[PDB]
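Engineer: I have a structure I would like to understand better, so I am pasting it below and will then ask my questions one at a time.
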Amino acid sequence: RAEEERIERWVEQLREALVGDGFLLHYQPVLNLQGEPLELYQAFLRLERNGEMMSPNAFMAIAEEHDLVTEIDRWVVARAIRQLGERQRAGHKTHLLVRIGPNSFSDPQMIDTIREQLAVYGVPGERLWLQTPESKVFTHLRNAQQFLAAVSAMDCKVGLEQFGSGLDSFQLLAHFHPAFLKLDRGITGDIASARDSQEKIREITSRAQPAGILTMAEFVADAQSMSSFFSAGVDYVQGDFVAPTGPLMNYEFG
Amino acid sequence: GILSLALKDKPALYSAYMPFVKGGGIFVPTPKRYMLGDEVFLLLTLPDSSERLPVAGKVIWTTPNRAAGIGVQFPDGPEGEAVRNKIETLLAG
Ligand SMILES: Nc1nc2c(ncn2[C@@H]2O[C@@H]3COP(=O)(O)O[C@H]4[C@@H](O)[C@H](n5cnc6c(=O)[nH]c(N)nc65)O[C@@H]4COP(=O)(O)O[C@H]3[C@H]2O)c(=O)[nH]1
Ligand SMILES: [Mg+2]
């Protein structure tokens with residue numbers, strides 16, 4: 001019970017970040033292997049307390065204990081679009097990939113927020129990509145379909161992260177058409193040096209290309225990975241090999 | 001390269017240990033500068049013990065409050081749950 005006061009220290013820090021400065025965003029380039037170069041970044045949430053930066057792995061555990069995740073994902077999406085706005089004012093047609101949660105499927109405020117903010121900042125919905133894992137999309141399906149339809153009704157792109165994984169995934173694909181897929185690290189980490197993996201992947205891409213579904217690889221670290229992903233037709237790649245994560249959009253794609 | 005952290009008593013443990021982190025964490029001072037989600041290797045000596053526990057963890061806090069280091073998140077495998085339980089045991093003593 002001594003620590004219970006420290007928990008609330010943290011929670012008050014969080015809500016004050018929700019309503020004021022504290023939260024910020026960092027940006028990692030996503031690169032088009034195949035060669036339709038698009039200014040594409042994935043957005044990562046961060047929290048700053050007097051120069052102390054911290055990762056959502058520190059604080060999301062608490063935040064969930066207070067049904068606060070929905071307001072946070074709203075912040076992410078909203079500041080992401082403001083950044084798309086500043087980015088359009090600079091004369092750049094930049095896109096932003098944005099992690100959202102499955103509770104935000106049920107969030108009417110989220111559908112509002114998306115709409116409102118694209119309007120004010122004059123941002124075409126195809127600049128926004130929202131991704132959510134195949135796991136939680138499975139758990140929460142009826143709501144996920146409602147959300148995908150409402151949001152893709154704004155020319156937004158909706159996708160699955162941590163794709164691959166199990167054999168229930170191509171089952172979900174029948175019932176869910178996303179703009180893109182993010183392959184689970186377990187599949188793509190070793191593709192350099194397996195036969196399980198590249199078998200699985202070329203299977204996934206061969207099925208994925210004609211549906212109009214974009215395939216993307218995460219956590220690229222070496223060059224043999226990239227040649228495998230390329231020969232294999234993966235559409236997008238991001239990782240420390242490609243380009244590291246920062247707070248400024250400054251990558252020269254092409 | 002190689003990080004190390006030696007906690008001599010349960011107070012130094014409690015000051016390092018980050019219990020609210022998703023799956024436990026530990027604050028490791030280092031002069032060197034890391035970016036969040038960088039993947040570190042750390043050699044963690046617990047107090048009331050001589051075994052060095054090997055932690056392959058992730059950065060989830062950069063401080064450049066107190067101390068000048070990094071928060072290292074324990075892997076979610078059994079190998080990391082192990083060290084988390086060792087520490088949680090030590091602190092309620
Ligand atoms: N996705 C990805 N990450 C890469 C890659 N290369 C390096 N990383 C780094 O490794 C961490 C991976 O994030 P995660 O494990 O998926 O787990 C993430 C994720 O669960 C969560 N998170 C990050 N950004 C957001 C966000 O905008 N919204 C929400 N709801 N959660 C977020 O925080 C965790 C920690 O992320 P970070 O501390 O920023 O640290 C990130 C990131 O900086 C890559 O190719 N792809
Ligand atoms: Mg600002």
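Just remember, in the structure tokens the first chain shown is A, the second B, etc., residues are 1-based per chain, and ligands are 1-based in the order shown.
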May I have the residues within 8 Å of residue B:16 as a PyMOL selection string, using only C-alpha atoms and disregarding those fewer than 4 positions away in the same chain?
Structural biologist: chain B and resi 12+26-28
Engineer: For the helix (DSSP H, G or I) assignment from backbone DSSP, which residues of chain B qualify? Please present them as a PyMOL selection string.
Structural biologist: chain B and resi 10-16+78-91
Engineer: Please dump the current selection as a PDB file, in the first residue's frame; keep C-alpha atoms.
Structural biologist:
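Okay, this is what ended up in again-v9.pdb:
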```
ATOM      1  CA  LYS B  10      17.005  -4.414  -0.985  1.00  0.00           C
ATOM      2  CA  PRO B  11      16.977  -0.559  -0.908  1.00  0.00           C
ATOM      3  CA  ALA B  12      19.153  -0.282  -4.060  1.00  0.00           C
ATOM      4  CA  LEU B  13      16.984  -2.945  -5.685  1.00  0.00           C
ATOM      5  CA  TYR B  14      13.767  -1.055  -4.868  1.00  0.00           C
ATOM      6  CA  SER B  15      15.275   2.178  -6.235  1.00  0.00           C
ATOM      7  CA  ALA B  16      16.189   0.426  -9.510  1.00  0.00           C
ATOM      8  CA  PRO B  78      10.170 -17.520 -18.910  1.00  0.00           C
ATOM      9  CA  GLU B  79      13.816 -16.415 -18.713  1.00  0.00           C
ATOM     10  CA  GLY B  80      12.730 -12.873 -17.837  1.00  0.00           C
ATOM     11  CA  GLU B  81       9.707 -13.686 -15.708  1.00  0.00           C
ATOM     12  CA  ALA B  82      12.290 -15.604 -13.685  1.00  0.00           C
ATOM     13  CA  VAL B  83      14.318 -12.522 -12.751  1.00  0.00           C
ATOM     14  CA  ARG B  84      11.160 -10.503 -12.080  1.00  0.00           C
ATOM     15  CA  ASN B  85      10.033 -13.108  -9.574  1.00  0.00           C
ATOM     16  CA  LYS B  86      13.470 -13.300  -7.953  1.00  0.00           C
ATOM     17  CA  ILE B  87      13.314  -9.550  -7.381  1.00  0.00           C
ATOM     18  CA  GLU B  88       9.678  -9.425  -6.232  1.00  0.00           C
ATOM     19  CA  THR B  89      10.539 -12.164  -3.763  1.00  0.00           C
ATOM     20  CA  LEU B  90      13.520 -10.220  -2.443  1.00  0.00           C
ATOM     21  CA  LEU B  91      11.570  -7.020  -1.866  1.00  0.00           C
TER      22      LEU B  91
END
```
Engineer: What does the distance from atom CA of residue A:135 to atom CA of residue A:95 come to in Å, to one decimal?
Structural biologist: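 Spanning atom CA of residue A:135 to atom CA of residue A:95 is a straight-line distance of 24.8 Å.
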Engineer: Applying 12 Å and only C-alpha atoms, which residues near residue A:149 remain after dropping the ones on its own chain fewer than 4 positions away? List them as a PDB file with C-alpha atoms, in the first residue's frame.
Structural biologist:
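Written file, around-v5.pdb:
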```pdb
ATOM      1  CA  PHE A 105     -13.460   0.175 -32.530  1.00  0.00           C
ATOM      2  CA  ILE A 111     -14.626   8.229 -35.541  1.00  0.00           C
ATOM      3  CA  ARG A 142     -18.265  -7.202 -35.049  1.00  0.00           C
ATOM      4  CA  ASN A 143     -16.958  -3.893 -33.697  1.00  0.00           C
ATOM      5  CA  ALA A 144     -13.864  -4.154 -35.902  1.00  0.00           C
ATOM      6  CA  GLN A 145     -15.981  -4.501 -39.031  1.00  0.00           C
ATOM      7  CA  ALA A 153     -15.622   5.426 -45.673  1.00  0.00           C
ATOM      8  CA  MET A 154     -13.186   8.379 -45.203  1.00  0.00           C
ATOM      9  CA  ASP A 155     -10.616   7.018 -47.753  1.00  0.00           C
ATOM     10  CA  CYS A 156      -8.485   5.978 -44.750  1.00  0.00           C
ATOM     11  CA  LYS A 157      -6.419   2.827 -44.829  1.00  0.00           C
ATOM     12  CA  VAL A 158      -6.905   0.111 -42.253  1.00  0.00           C
ATOM     13  CA  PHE A 176     -11.858  -8.707 -43.021  1.00  0.00           C
ATOM     14  CA  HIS A 177     -10.404  -6.723 -45.937  1.00  0.00           C
ATOM     15  CA  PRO A 178      -7.641  -4.420 -44.746  1.00  0.00           C
ATOM     16  CA  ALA A 179      -5.542  -2.132 -46.851  1.00  0.00           C
TER      17      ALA A 179
END
```
Engineer: Could you please tell me, as a count of residues only, which residues of chain A have an atom within 9 Å of chain B when using only C-alpha atoms?
Structural biologist: 17
Engineer: Take atom CA of residue A:100 and atom CA of residue A:202 and report the distance between them in Å, one decimal.
Structural biologist: 27.7 Å
Engineer: What is the distance between atom CA of residue A:65 and atom CA of residue A:8, in Å to one decimal?
Structural biologist: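 For atom CA of residue A:65 relative to atom CA of residue A:8, the distance reads 11.5 Å.
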Engineer: If you take only C-alpha atoms and all ligand atoms and a cut-off of 6 Å, which residues of chain A touch ligand 1, and what are their nearest atom pairs and distances in Å to one decimal, in chain and number order, as a tab-separated table?
Structural biologist:
```
residue	atom	partner	partner_atom_place_in_ligand_line	distance
A:43	CA	ligand 1	27 (O)	5.5
A:44	CA	ligand 1	24 (N)	3.5
A:45	CA	ligand 1	27 (O)	4.0
A:55	CA	ligand 1	38 (O)	4.2
A:56	CA	ligand 1	33 (O)	4.3
A:57	CA	ligand 1	33 (O)	5.0
A:73	CA	ligand 1	30 (N)	5.7
A:76	CA	ligand 1	27 (O)	5.9
A:98	CA	ligand 1	27 (O)	5.9
A:99	CA	ligand 1	28 (N)	4.8
A:100	CA	ligand 1	30 (N)	5.5
A:218	CA	ligand 1	45 (O)	4.2
A:219	CA	ligand 1	45 (O)	3.5
A:220	CA	ligand 1	45 (O)	5.9
A:238	CA	ligand 1	45 (O)	4.5
A:239	CA	ligand 1	45 (O)	3.3
A:240	CA	ligand 1	6 (N)	5.2
```
Engineer: Out of A:85, A:189, A:133, A:212, which residue has the shortest atom-to-atom distance to residue A:121 when counting only C-alpha atoms?
Structural biologist: A:85
Engineer: Each residue of chain A with at least one atom at most 9 Å from ligand 2 should appear once, together with its nearest atom pair and the corresponding distance in Å (one decimal); atoms considered: only C-alpha atoms and all ligand atoms; ordering: chain, then increasing residue number; output as CSV.
Structural biologist:
```
residue,atom,partner,partner_atom_place_in_ligand_line,distance
A:21,CA,ligand 2,1 (Mg),7.1
A:23,CA,ligand 2,1 (Mg),8.9
A:24,CA,ligand 2,1 (Mg),7.6
A:79,CA,ligand 2,1 (Mg),8.4
```
Engineer: Compile the contact shell of residue A:247 as a PyMOL selection string: residues with an atom at most 7 Å away, counting only C-alpha atoms, same-chain residues fewer than 2 positions apart removed.
Structural biologist: chain A and resi 25-27+249
Engineer: For the selection just defined, write its residues with C-alpha atoms to a file, as a PDB file, in the first residue's frame.
Structural biologist:
```pdb
ATOM      1  CA  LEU A  25       5.494  11.568 -31.138  1.00  0.00           C
ATOM      2  CA  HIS A  26       8.518  10.029 -32.846  1.00  0.00           C
ATOM      3  CA  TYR A  27       8.615   8.913 -36.469  1.00  0.00           C
ATOM      4  CA  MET A 249      10.677  13.633 -40.626  1.00  0.00           C
TER       5      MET A 249
END
```
Engineer: Residues within 9 Å of stretch 226-230 of chain A, please, as a PyMOL selection string. Count only C-alpha atoms; anything in the same chain fewer than 5 positions from it doesn't count.
Structural biologist: chain A and resi 33-34+188+191-192+198+201-202+217+220-221+235+237
Engineer: Quick one: write out the picked residues with N, CA, C and O atoms as a compact mmCIF listing (two decimals), in the first residue's frame?
Structural biologist:
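result-v8.txt, freshly written:
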```
# COMPACT_ATOMS: atom_id res chain seq x y z
N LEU A 33 10.01 -0.99 -50.84
CA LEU A 33 10.98 -1.81 -51.54
C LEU A 33 10.72 -1.81 -53.03
O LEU A 33 11.60 -1.50 -53.84
N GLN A 34 9.49 -2.18 -53.42
CA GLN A 34 9.20 -2.50 -54.81
C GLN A 34 9.41 -1.29 -55.70
O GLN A 34 9.87 -1.43 -56.84
N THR A 188 9.34 -13.00 -39.97
CA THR A 188 10.28 -12.25 -40.80
C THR A 188 11.67 -12.12 -40.20
O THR A 188 12.59 -11.70 -40.91
N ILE A 191 14.03 -14.85 -41.95
CA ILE A 191 13.81 -15.18 -43.36
C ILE A 191 15.12 -15.27 -44.11
O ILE A 191 15.27 -16.06 -45.05
N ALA A 192 16.10 -14.49 -43.69
CA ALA A 192 17.46 -14.60 -44.18
C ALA A 192 17.90 -16.06 -44.31
O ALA A 192 18.56 -16.43 -45.29
N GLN A 198 10.43 -18.08 -45.50
CA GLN A 198 10.21 -17.70 -46.89
C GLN A 198 9.17 -18.59 -47.57
O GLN A 198 8.48 -18.14 -48.49
N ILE A 201 6.05 -16.82 -46.28
CA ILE A 201 5.91 -15.44 -46.73
C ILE A 201 5.45 -15.40 -48.18
O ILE A 201 4.39 -14.84 -48.48
N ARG A 202 6.20 -16.03 -49.09
CA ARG A 202 5.77 -16.05 -50.49
C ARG A 202 4.36 -16.60 -50.61
O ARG A 202 3.60 -16.14 -51.46
N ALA A 217 6.84 -5.60 -43.95
CA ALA A 217 7.74 -6.27 -43.02
C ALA A 217 8.28 -5.29 -42.00
O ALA A 217 8.62 -4.15 -42.34
N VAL A 220 13.43 -4.93 -39.76
CA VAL A 220 14.48 -5.29 -40.69
C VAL A 220 15.80 -4.81 -40.14
O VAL A 220 15.97 -3.64 -39.78
N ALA A 221 16.75 -5.73 -40.05
CA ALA A 221 18.04 -5.44 -39.45
C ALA A 221 19.25 -5.74 -40.32
O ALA A 221 20.33 -5.24 -40.01
N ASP A 235 5.89 -5.41 -49.83
CA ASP A 235 5.71 -4.08 -50.39
C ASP A 235 6.50 -3.02 -49.62
O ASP A 235 7.15 -2.17 -50.22
N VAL A 237 8.97 -1.98 -45.94
CA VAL A 237 9.93 -2.46 -44.94
C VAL A 237 10.36 -1.30 -44.07
O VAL A 237 10.56 -0.18 -44.54
```
Engineer: Determine the nearest neighbour of residue A:20 from the options A:129, A:47, A:165, A:194, counting only C-alpha atoms.
Structural biologist: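 Ranked by minimum distance to residue A:20, first place goes to A:47.
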